[PDB]
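1. coords please:
(6 chains, ligands or ions: 2)
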Amino acid sequence: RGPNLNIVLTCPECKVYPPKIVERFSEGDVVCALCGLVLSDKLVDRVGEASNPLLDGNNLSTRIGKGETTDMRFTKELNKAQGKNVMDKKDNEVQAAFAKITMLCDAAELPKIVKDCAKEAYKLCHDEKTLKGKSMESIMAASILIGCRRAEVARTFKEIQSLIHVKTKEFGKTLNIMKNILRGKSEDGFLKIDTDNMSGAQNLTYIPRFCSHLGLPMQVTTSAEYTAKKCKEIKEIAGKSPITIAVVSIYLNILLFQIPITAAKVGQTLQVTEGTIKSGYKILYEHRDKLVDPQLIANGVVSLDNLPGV
Amino acid sequence: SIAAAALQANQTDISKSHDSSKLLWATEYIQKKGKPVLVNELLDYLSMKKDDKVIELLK
Amino acid sequence: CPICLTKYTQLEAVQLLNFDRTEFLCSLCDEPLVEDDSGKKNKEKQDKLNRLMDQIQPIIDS
Amino acid sequence: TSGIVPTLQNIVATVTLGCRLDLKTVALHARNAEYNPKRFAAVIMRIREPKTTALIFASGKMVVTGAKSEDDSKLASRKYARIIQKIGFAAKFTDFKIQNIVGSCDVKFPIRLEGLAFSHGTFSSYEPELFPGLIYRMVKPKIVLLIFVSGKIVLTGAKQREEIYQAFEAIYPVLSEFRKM
Amino acid sequence: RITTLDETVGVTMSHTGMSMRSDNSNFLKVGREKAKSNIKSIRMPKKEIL
Amino acid sequence: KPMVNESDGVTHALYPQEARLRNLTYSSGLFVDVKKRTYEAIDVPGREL
Ligand SMILES: [Zn+2]
Ligand SMILES: [Zn+2]
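-> Numbers count the residues shown, from 1 in each chain, chains lettered A, B, ... in the order given. Ligands and ions are numbered 1, 2, ... in the order given. I have put the structure below:
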């Protein structure tokens, strides 16, 4: 369908399809690897500005700024003229939304992959019929958390809602809408295997951040990581939230390595009720050999009797 | 038929202390009907029958 | 030519025939060309002129 | 096949009466009735021998919740219509439609829910920090399911018995394959 | 002299950006203290309204 | 003291050799003790606030 407009590099003497083609970049030729006949010479291997048409689309606009000799009134008139443009109103509002997303992620000092994934999620999830009535803050929070979960750098709900003053209702519904529409777009476009990237719990990623907020050593972080990994085997704690199971595993490993911090300080820092931590410690107190890392007690750095009684 | 008694007892009397509402309800009865109305049914609309200032204020 | 959506007049389609003498073949698409529906609408445009001219008759008379 | 048939616990239906109802009269005359005009623009009542709650609106539409089965909702609507007839209003069963049926069941084995969400991800959405139950939206029929690690499965959003029964029959082999400990 | 924090860096970054400690200060919480007032009313008869 | 935060929010003390190898920035955070004060007054004409 339509014009072909395609050039195939076929050797006219060997008549072998597909031909073995060698691109001699140093000598600037395209040659046939069988006979050595050249195919295209004078090949072309800065002057413009980079613009990827996947993050913001095929938007092509330039602003007006002060030069060497600049009158202020002309600049104000040109800025007002650029303001009253009706064709790029959708482009202007999605650029303002991108600026707000990158400012809000940048005040959160998250990496650039989070901002890129949030921007592309916002672009591919914009102008949808099923998502029109939700407030913009919920859209931004859902895009931010989707971008966090895309790059194995996933965050939690409480620290997202600490920055964006949004309720749990519309944030959860917007998250579900985003997940459904992104899976639909992936099925329509390039299909992607999940392989545990938007997993619901993802409690293995919340260990070192809370350990660093508590100022624990990295061996305690690895021990709590092993404990959180082995909590999947226990059926009595499977329904618990990832945050609470991470907190109780961290507290269990603190009591294992005799780190001199209190449960009240852990509850104050990590915003968890001490009753939940005590209940998790009590239900994990019976599971001793199923949580303590076997090479840690093989090395003798920890022992089972360091845990206080219940 | 206790609901009918409740609805007929919940509503207050139309005999107000000011003639303004007493002529306003006559004008409302005039407007709500698709045909012009006579004096007798207008007088039967409110609680009295004898002449007062309401008829001359309406005229 | 509907694949390339290209016009061809009677003067410029002379040099695009095959040796089979069967069908008009395009230079780019190499596609069997189809006949335009234009030209047969001559009477339709004449009727459009007739329907414009009698309605604009008060303008001419005035 | 399934070794246990799920049982229902709430059937929500609606009946239109084709009449105008005054909320204050039915709030005052009825015994077990509540009316908060500042909160909800309808009157609320309930009856004990089916243990069902009626949402009575001013337009004649009314909603029955808390019915275990269809006949319980039928007799609840019959007694509600008797209450409306005997309270001083005229009502008729112009249209009665059942619109929601829920049910609960148990499989009595733990289910690895993470593997379930990994395999059947296109119909399910998991967020344990908000709700510990997996929300599964199957496309045929339109039944939503709440999945728990204790084996308790809650089917919600049904209209009759065949759709919820075939939903459990379809969800049984994809859930019985997961075993923990 | 300026004061150098001699504690662990993670304790200082606990309050940074993403901090799931919720904000508790009542400074300029105008949106919270003026969204709590809601008006609700019904259709009382027209005569008293007039 | 100089430190670095990672992608996942983990902050550890940064040393110049590690900073040079990982293309990081040998920087230290700055904190300020901010104090907030809210004042209210009866606003009536003819009276100093
Ligand atoms: Zn060749
Ligand atoms: Zn063509």
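
2. chain E versus residue F:41, what's the distance?
-> Applying Cβ to the nearest Cβ, to the nearest Å, one obtains 17 Å for the distance of residue F:41 from chain E. Placement of C-beta: from N, CA and C, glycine included.

3. quick one: the residue in chain B that chain C sits nearest to and chain D, what's the gap?
-> Proximity of chain B to chain C (Cβ to the nearest Cβ) peaks at residue B:34, 44.5 Å away. According to Cβ to the nearest Cβ, residue B:34 stands 23 Å off from chain D.

4. and that residue, helix, strand or coil?
-> The assignment at residue B:34 comes out as coil when based on DSSP: H, G, I helix; E, B strand; the rest coil.

5. can you pull the contacts of residue A:173?
-> A:134, A:138 (Cβ atoms under 8 Å, 6 or more residues apart in numbering or on different chains).

6. cool, and residue A:118?
-> A:101, A:105, A:143, A:144, A:146, A:147.

7. near the residue of chain B closest to chain C, how many other residues are there?
-> Residues within reach of residue B:34, counting by other Cβ atoms under 10 Å in any protein chain shown, total 5.

8. in the chain, which spans are helices?
-> Chain wasn't specified; assuming chain A. A:72-83, A:89-106, A:112-124, A:136-150, A:158-163, A:168-188, A:207-214, A:218-230, A:242-257, A:263-270, A:274-285, A:294-298 (DSSP state H).

9. let's do chain F instead
-> Using DSSP H, helices in chain F cover F:16-21.

10. can you tell me how far the residue of the stretch 151-300 of chain A found nearest chain D is from residue A:273?
-> Across the stretch 151-300 of chain A, no residue is closer to chain D than residue A:200, which sits at 2.9 Å (Cβ to the nearest Cβ). Per Cβ to Cβ, to the nearest Å, residue A:200 is found 22 Å from residue A:273.

11. what's the answer for residue C:11, then?
-> 89 Å.

12. ok, those two, which is more surrounded?
-> Higher neighbour count among residue C:11 and residue A:273: residue A:273, with 11 against 7, using other Cβ under 10 Å.

13. contacting residues for the residue lying closest to the more buried one once chain neighbours are set aside?
-> Closest residue in space to residue A:273, ignoring its immediate chain neighbours: residue A:267 at 6.5 Å, by Cβ to Cβ, 6 or more residues apart in numbering or on different chains. Contact analysis of residue A:267 by Cβ under 8 Å, 6+ apart lists A:273, A:274, A:277.

14. count of residues packed around residue D:127?
-> 18.

15. chain neighbours aside, what residue packs nearest to residue D:5?
-> residue D:165 is the one closest to residue D:5 (Cβ to Cβ, 6+ apart), at 7.4 Å.

16. mind listing what's buried in the helix or strand that contains the one you found?
-> Of the helices and strands defined by DSSP states H and E, residue D:165 is found in helix D:161-176. For helix D:161-176, the neighbour count (16 or more other Cβ atoms under 10 Å in any protein chain shown) marks D:163, D:164, D:165, D:167, D:168, D:171, D:172, D:175 as buried.

17. how about stretch E:20-40?
-> Buried, per 16+ other Cβ under 10 Å, within stretch E:20-40: residue E:20.

18. ligand 2 contacts on chain B?
-> Within chain B, no position lies close to ligand 2 (Cβ under 5 Å from the ion).

19. what does stretch A:121-131 contact?
-> A:54-57, A:90, A:94, A:97-98, A:101, A:139-140, A:143, A:146-147, A:150, A:174, A:177-178, A:180-182, A:185.
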